[PDB]
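Structure at a glance
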Amino acid sequence: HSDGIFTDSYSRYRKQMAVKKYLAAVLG
Amino acid sequence: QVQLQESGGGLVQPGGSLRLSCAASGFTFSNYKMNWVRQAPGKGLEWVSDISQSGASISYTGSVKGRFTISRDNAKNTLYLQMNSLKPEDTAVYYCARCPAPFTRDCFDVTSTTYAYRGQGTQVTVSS
Amino acid sequence: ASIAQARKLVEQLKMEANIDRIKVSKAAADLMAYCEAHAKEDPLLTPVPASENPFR
Amino acid sequence: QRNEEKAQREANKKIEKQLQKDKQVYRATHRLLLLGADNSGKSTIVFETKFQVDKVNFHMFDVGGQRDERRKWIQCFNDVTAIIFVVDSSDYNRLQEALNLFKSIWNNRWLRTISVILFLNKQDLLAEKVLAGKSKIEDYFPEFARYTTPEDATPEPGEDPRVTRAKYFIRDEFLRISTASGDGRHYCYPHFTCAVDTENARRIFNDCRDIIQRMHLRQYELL
Amino acid sequence: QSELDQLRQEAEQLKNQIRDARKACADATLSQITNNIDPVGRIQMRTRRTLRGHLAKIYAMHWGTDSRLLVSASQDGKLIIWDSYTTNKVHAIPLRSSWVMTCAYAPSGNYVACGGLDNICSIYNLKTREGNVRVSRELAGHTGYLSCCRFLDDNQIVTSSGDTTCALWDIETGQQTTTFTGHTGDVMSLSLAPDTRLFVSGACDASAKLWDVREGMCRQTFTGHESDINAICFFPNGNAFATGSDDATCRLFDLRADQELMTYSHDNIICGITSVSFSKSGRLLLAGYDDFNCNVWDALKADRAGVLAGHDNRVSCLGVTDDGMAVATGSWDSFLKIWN
Amino acid sequence: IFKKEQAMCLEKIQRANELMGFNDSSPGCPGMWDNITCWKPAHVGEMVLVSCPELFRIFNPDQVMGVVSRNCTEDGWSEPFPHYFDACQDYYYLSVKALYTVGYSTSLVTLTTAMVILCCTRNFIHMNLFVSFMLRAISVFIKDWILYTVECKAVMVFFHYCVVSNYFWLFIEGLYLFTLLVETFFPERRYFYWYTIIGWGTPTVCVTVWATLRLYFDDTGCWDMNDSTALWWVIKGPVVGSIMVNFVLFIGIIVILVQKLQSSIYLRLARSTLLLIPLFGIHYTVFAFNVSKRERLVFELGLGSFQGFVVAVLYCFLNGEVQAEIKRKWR
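Residues numbered from 1 in each chain as written, not as in the entry; some residues may be left out. Chains lettered and ligands numbered in written order. Heavy atoms only, no water. Residues with missing side-chain atoms left out of burial classes, pairs and counts.

Regarding how it was determined, this PDB entry cites cryo-EM in its header, along with a resolution of 3.9 Å.

Filter applied, for reference: UniProt positions are given in the numbering used here, feature names are shortened, and annotations may be inferred rather than shown by experiment.
Per the PDB entry, chain E goes by the name Guanine nucleotide-binding protein G(I)/G(S)/G(T) subunit beta-1 and belongs to Rattus norvegicus. The title given to this entry in the Protein Data Bank is "Cryo-EM structure of the human PAC1 receptor coupled to an engineered heterotrimeric G protein". Regarding chain E, the UniProt comment filed under Function reads as follows: "Guanine nucleotide-binding proteins (G proteins) are involved as a modulator or transducer in various transmembrane signaling systems. The beta and gamma chains are required for the GTPase activity, for replacement of GDP by GTP, and for G protein-effector interaction."

Under the annotation held in the PDB entry, chain B carries the name nanobody Nb35 and is attributed to unidentified.

1. Quick notes on the overall build of chain B
How we decide: Here a strand is any run of E in DSSP of at least two residues, a helix any run of H or I of at least four, and the numbering for each starts at the N terminus. When accessible area is computed with a 1.4 Å probe and restricted to protein chains, residues below 20% of their type maximum are described as buried, those above 50% as exposed, and intermediate ones as partly exposed. Every residue pair with non-hydrogen atoms within 4.5 Å of one another is taken to be in contact. In these tables, accessible area is a Shrake-Rupley quantity obtained with a 1.4 Å probe, and a residue counts as shielded only by the protein chains included in the view. Neither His nor the chain termini are counted; the positive set is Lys and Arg, and the negative set is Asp and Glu. By convention, the charge on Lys lies at NZ, on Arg at CZ, on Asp at CG and on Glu at CD.
Of the regular secondary structure elements, chain B holds 0 helices and 10 strands. Mapped from its N terminus to its C terminus, chain B presents α and β elements in the order β-β-β-β-β-β-β-β-β-β. With the C-alpha coordinates of chain B rotated into their principal frame, the extents come out at 45 × 30 × 25 Å. Counting over 128 residues, chain B shows a buried share of 52%. Of all intrachain contacts in chain B linking residues separated by at least 6 positions in sequence, the fraction that spans at least 24 positions is 56%. Carbon and sulfur atoms form 48% of the exposed surface of chain B, whose accessible area is close to 5600 Å². The distance from the centre of the 12 positive side-chain charges to the centre of the 8 negative ones in chain B is 3 Å.

2. Considering the sheet that holds strand β3 (residues 17-25) of chain B
Residues and elements named next belong to chain B. Keep this limit in mind: DSSP calls a pair of strands paired once it identifies at least 2 bridges connecting them. What counts as an axis is a line fitted to C-alpha atoms, over the stretch in contact for a helix, and the angles between N-to-C directions run from 0 to 180 degrees.
As summarised here, the arrangement of the 4 strands in space is β1-β3-β8-β7, forming an open sheet in which the pairing is antiparallel. Unpaired on one side and paired on the other, β1 (3-7) and β7 (68-73) mark the two borders of the sheet. On average, adjacent strands in this sheet sit at an angle of 15° to one another, irrespective of strand direction. Of the pairings in the sheet, the one linking β1 to β3 comprises 5 bridges and is antiparallel in character. Bridge pairing links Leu-4 to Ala-24 in β3.

3. Topic: the nonpolar core
As a reminder of what qualifies: What we call a nonpolar core is a set of buried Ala, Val, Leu, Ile, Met, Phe, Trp, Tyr and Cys residues that are connected through their side-chain atoms within 4.5 Å.
Counting residues in hydrophobic clusters, the biggest one holds 66 residues, and the most contacted among them are A:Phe6, D:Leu222 and F:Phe280. The biggest single contributor to this core is helix α6 (residues 150-182) of chain F, with 15 residues. Excluding anything up to four places from it in sequence, D:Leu222 contacts D:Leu217, F:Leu177, F:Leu257, F:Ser272, F:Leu275 and F:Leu276. One finds D:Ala127, D:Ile137, D:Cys188 and E:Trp332 within the second-largest nonpolar core, a separate group that totals 47 residues.

4. A look at the interface of chain B and chain E
Quite often, the size of an interface is put as the accessible area lost when its parts meet. The condition that has to hold: For any pair of parts, buried area is found by adding up, for both, the accessible area (1.4 Å probe) each one loses once the two are put together. Whenever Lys or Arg places a side-chain nitrogen within 4 Å of a carboxyl oxygen from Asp or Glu, that contact is recorded as a salt bridge. Any N or O atom pair separated by 3.5 Å or less is treated as a polar contact, with the protein-specific requirement of one donor-capable and one acceptor-capable atom, and with residues adjacent in sequence counted only for side-chain atom pairs. For this classification, the nonpolar set comprises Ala, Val, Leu, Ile, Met, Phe, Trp, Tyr, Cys and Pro, the charged set comprises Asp, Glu, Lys and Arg, and every other residue, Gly included, is treated as polar.
In this assembly, 13 residues from chain B lie in contact with 14 residues from chain E. Both faces considered, chain B and chain E share a buried interface measuring about 980 Å² in area, 43% of it formed by carbon and sulfur atoms. At the junction of chain B and chain E, the tally comes to 0 salt bridges. Across the contact surface, chain B and chain E share 5 residue pairs in polar contact. Considered class by class, the residues forming the side of chain B that touches chain E number 8 nonpolar, 4 polar and 1 charged.

5. What about the layout of surface pockets?
The cut-off we apply is this: Only protein atoms enter the calculation, which uses a 1 Å grid: trapped sets of points that fit a 1.4 Å probe without letting it out are cavities, open sets showing protein on both sides within 12 Å along at least five of seven lines are pockets, and any residue with an atom within 4 Å of a point is a lining residue. Grid points are joined across faces, edges and corners, and a volume is the space filled by probe spheres set on the points.
Roughly 2200 Å³ of volume is contained in the second largest pocket. As for the second largest pocket, its lining consists of 49 residues, of which B:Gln3, B:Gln120, C:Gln5, C:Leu9 and E:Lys15 are closest to the centre. For the lining of the second largest pocket, the elements supplying multiple residues, two or more each, are β1 of chain B, α1 (2-14) of chain C together with α1 (2-24), β16 (208-212) and β17 (218-222) of chain E. A per-element tally of the lining of the second largest pocket places α1(E) first, with 10 residues. Across the lining of the second largest pocket, the residue classes break down as 17 nonpolar, 21 polar and 11 charged.

6. Considering the packing of helix α1 (residues 3-25) of chain A against helix α4 (residues 90-117) of chain F
What counts is decided by this rule: With respect to orientation, any angle under 35 degrees is reported as roughly parallel, any angle over 145 as roughly antiparallel, any angle of 65 to 115 as roughly perpendicular, and every other angle as oblique. The sense of a crossing depends on the near helix, which, turned anticlockwise from the far helix by less than a right angle, makes the crossing left-handed and, turned clockwise, makes it right-handed.
Where α1(A) contacts α4(F), the two axes come as close as 12 Å, and the packing angle between them is 140°. Comparing the axis directions of α1(A) and α4(F) gives the class oblique. Crossing geometry of α1(A) relative to α4(F) is assigned as left-handed. Contacts from A:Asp3, A:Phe6, A:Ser9, A:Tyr10, A:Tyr13 and A:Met17 of α1(A) reach α4(F) at F:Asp90, F:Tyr93, F:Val96, F:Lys97, F:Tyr100 and F:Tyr104. When the residues that make up the contact of α1(A) with α4(F) are grouped by side-chain class, the tally is 8 nonpolar, 1 polar and 3 charged.

7. Examining the sheet that holds strand β11 (residues 156-161) of chain E
All names here are of chain E. Pairing is antiparallel across the open sheet formed by 4 strands, whose spatial order is β10-β11-β12-β13. Of all the strands in the sheet, the pair left with one neighbour each is β10 (146-151) and β13 (175-178). In this sheet, neighbouring strand axes are inclined to one another by 35° on average, regardless of whether the strands run parallel or antiparallel. Where β11 and strand β12 (residues 167-170) come together, 4 bridges link them in antiparallel fashion. Residue pairing across strands places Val-158 opposite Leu-168, the latter belonging to β12.

8. Some details on unusual backbone geometry
Positioned with a positive phi, E:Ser334 is a non-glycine residue whose angle comes to about 60°. Structurally, E:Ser334 can be placed in the loop between β27 (327-331) and β28 (336-339). The residue F:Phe217 is not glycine, and still its phi comes out positive at about 60°. Following the sequence through the fold, F:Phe217 ends up in the loop between α8 (202-215) and α9 (229-232).

9. Concerning the state of the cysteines
Residues and elements named next belong to chain B. So the rule is basically this: The disulfide criterion is simple: two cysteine sulfur atoms within 2.5 Å.
If you walk through the whole model with that rule in mind, you get 5 disulfides over all chains. What pairs with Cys-22 in a disulfide is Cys-96, and their sulfur atoms sit 2.0 Å apart. Across the S-S bond of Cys-22 and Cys-96 the torsion is about 65°, and the bridge reads as right-handed. In this pair, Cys-22 sits in strand β3 while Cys-96 sits in strand β9 (residues 92-98), placing the two residues 74 residues apart along the sequence. Look at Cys-22 and you get buried, because its relative accessible area is 5%. The class for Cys-96 is buried, based on a relative accessible area of 1%.

10. Examining a nonpolar patch on the surface
Applied cut-off: Patches in this entry comprise residues that are over 30% relatively accessible and not in a salt bridge; like charges within 9 Å are linked, as are nonpolar side chains (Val, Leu, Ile, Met, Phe, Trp, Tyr) within 5 Å.
A surface patch of nonpolar side chains, amounting to about 630 Å² of accessible area, comprises F:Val205, F:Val209, F:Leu213, F:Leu215, F:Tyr216 and F:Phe217. Mapping F:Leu213 onto the fold places it in helix α8.

11. Some points on the UniProt feature "repeat: WD" in chain E
Residues and elements named next belong to chain E. In the UniProt entry, the feature "repeat: WD" is given for residues 46-94, 95-140, 141-181, 182-223, 224-267, 268-309 and 310-340. Counting secondary structure, residues 46-94 comes out at 0% helix and 53% strand; the distance between its end C-alpha atoms is 32 Å. Helix and strand shares over residues 95-140 are 0% and 48% respectively, and the end C-alpha atoms of the span are 15 Å apart.

12. Remarks on the interface of chain E and chain C
Counting residues at the interface gives 53 residues for chain E and 36 residues for chain C. A combined buried area of about 4200 Å² lies between chain E and chain C, and 67% of that area is made up of carbon and sulfur atoms. At the boundary of chain E with chain C, the tally comes to 1 salt bridge. Linking C:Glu16 and E:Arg22 is a salt bridge whose minimum nitrogen-to-oxygen distance equals 3.6 Å. Between chain E and chain C we count 10 residue pairs in polar contact in total. For the side of chain E that touches chain C, the secondary-structure elements that each account for two or more residues are α1, β1 (47-49), β17 and β20 (250-254) of chain E. Counting residues per element, the side of chain E that touches chain C draws most heavily on α1(E), at 7 residues.

Okay, structure coming up:
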């Protein structure tokens, strides 16, 4: 499976980016 | 309209030379095979020699290898068979036989009880 | 042996010598007359629309 | 009436069921036209004779009784999966007719794709005729001088080297007719046999297997 | 033996004077008549229905009397009669001899025929046994393969063979009623006349022979080809004969003028002809070739009326209906096609 | 994502203050949800304690932990513990996404063209394979447009159906060539009625057991974080099985082919192998093992996303009857 590994890694990364930006906007 | 006539024959001493000439009219001569087929008395029909449409592939078969040689003339509608060093066993009738269809690499004419495209032929014999 | 085929061939070719053999223009006029008499009804020469053609 | 059309559609479905059974029956059996010279051990090589090897039934369709002509009814045999040939390897007076015939089977127009098998029959009669040494091959074939044994020839223990040289010359003559215009589509598998053994139907089964495997591989262009 | 040679030379000088006499009755050609005739030019046909279902190749087909039913002759054994209007099978008759070569259809629609390689022309009854169609009458007696069979009446059947015989048969006794010998090669196809009084026969001899139906001797012998005669069919009145050869030379012979009227050859064609059967008009000839496509040619004007392509392999037989409403071709890929 | 956990613990806070607010006393500072966590109400001088919520799993995963306290004061909520931050490359992903979006698009274009021109029985399996390639490319575009809700999970189920069907369909083409070369007799086209049932009827079983066993047992997000291997291998076990069994069938076919070819040679053997790779799907066998994830994703989405174009060049536009059929519309 090759599209499944890409969609898993990309959606995990994009959630990590949004959570890091949210903990940057709240905690400075 | 397809007609085939033949010329040569006779009695020739063993060691002689002879020239068998086959003249055919009624068709286009240049675009298919030709065979020379002899008839020995007491036996069936046996095939002697083959030439293609141009003279490219020629093959002599049996015990007539080398001692005989055939060629053909497209523009004169003629087959030539030059024979050297005859034998008592070549006492035969000689028919010039034709491929049944144009532009073929195949030919079934020789071992026919009857056929439609070969003339009545000449007779060659030897002295003893 | 050859007598039977010889009498057969001279018979089948004297009948060709005793049938009135008319010109090639006469035969082509016959084919053209049959053409103009049968050009109207044939479905092959005159093409046909889908209503009166049972093969659609 | 539309109801007679409905009965016609029911008879049509029954007929299509009939054709489905006979499609499975016809694709099951492999036709094999067997032709050859007469008095060459033709019948004992196993009209229609049906023989089964490994749950596959071959319908070997010998032809006989027709007059001595081909090229009107030999075009009717182009859907077979092989063409068994049988020739006499002893009687040298008919090898040249057989060579011209199998040259004509190789290069006919509608039998190009059909790949002949070869059964050289009456084998030990050739061994006896070349042990007695009465007639030489050079009396008929002037080309036997410039030939030796091939290296892949498997000699029979207790048989002369003249036996192996004569027999493999005849095999190489037929194969030399084969490779001139064979284009990788159709091959000529040779085989020496006598009139005694009954192992031949196994060999026809193995080589009809090889012909169908090569036919499937030429469709995928792999080979 | 010398008087037999004088007999042969007598034959030669007489046919010399005859073949010079036959030229004397023909001073003009057919090319001098196509000068004031409106040509068709282009005409093409769209395939309507493709009767499919055969398991191996199609060797011959015969059209019906009502131009609705046709009969098709597979080479795996099956002999299947189709209804060409509704594109549906009517009967499927298994056979004894698998290798059929030509079938035919009754003038009353009652019986069909199967010419074989197993030397027995079988005749099957249809409308009197709607269930369990079995073999009615075998017609054993030939030695070679049977190559073309038709129905003269519903009691008389004209079968050509391979042993040059070409005999006329009666069904009720199973005996050779009238023999038409004279050939010396494989006789390939026949074509009945409208009046059922003449019929024309083409052989391996490169010659056509026109025979009566009653006396049993060769009335006419045409020649002029350089190979086999591979099919013939002829005009609806009985005075012009279209002949298809293996030299790709379609020929149109005459009975009244007695000489070969029209030859047709081309340069783009080296494939031999398998079947020629032509329309109700004197315009269209239809030929089938070995280049896998049908060629519709115009009779008096030797120009291409059209090409009917669409087959996978060699076309093996052709058929025009009685009413001209369709043209069917049957090729070696088990697919009949109907064209109008 | 923050307001819902805010709502949950504020419901806990109002429950806490209305239970403590029944008595005559009260907490000096009420309960409060801070901007990532919450605290229970208590008197002054107390120390209220809580661990951190699940956001630390993508911040630092090895403390499974951090616990944070806070104090109270009559003025207000006092200063806490070392807080939750203290206590507990995108060019590459956009490169891969651009590479396979041009790849599947050129795949879908040449496959609908080659399936127009192609429309035997081998051609039935090949036309069914081209249907599977077009379904795979369509489903990848729908997933990328939607993900980047009950429609979200349903599109992800349709996505895993199209991909698992494509890997099985490469395997069934491999089994069709290997059954044809070993059981060379017996043409049973009853097999063909079984072929679609093990090609279009097994991935429905795989993604239905996947969808049902994902609806219970941790439905999270849009089902794209796989997050647990026992729910992930229900659609990876069949695909790894299909790749490895197809590799054995490729070895069996190359043994039969070199045996027939012995009877240059090596150039014809290598040219025979090199066009059996895109049809059988052998290039997925290089990677069957998380590690080397960048190189695996580049090789199987950058140069495997042209497999539809390579197959539609090698097996419709260049080989066999189609050129004759092209001449049937040319001359």
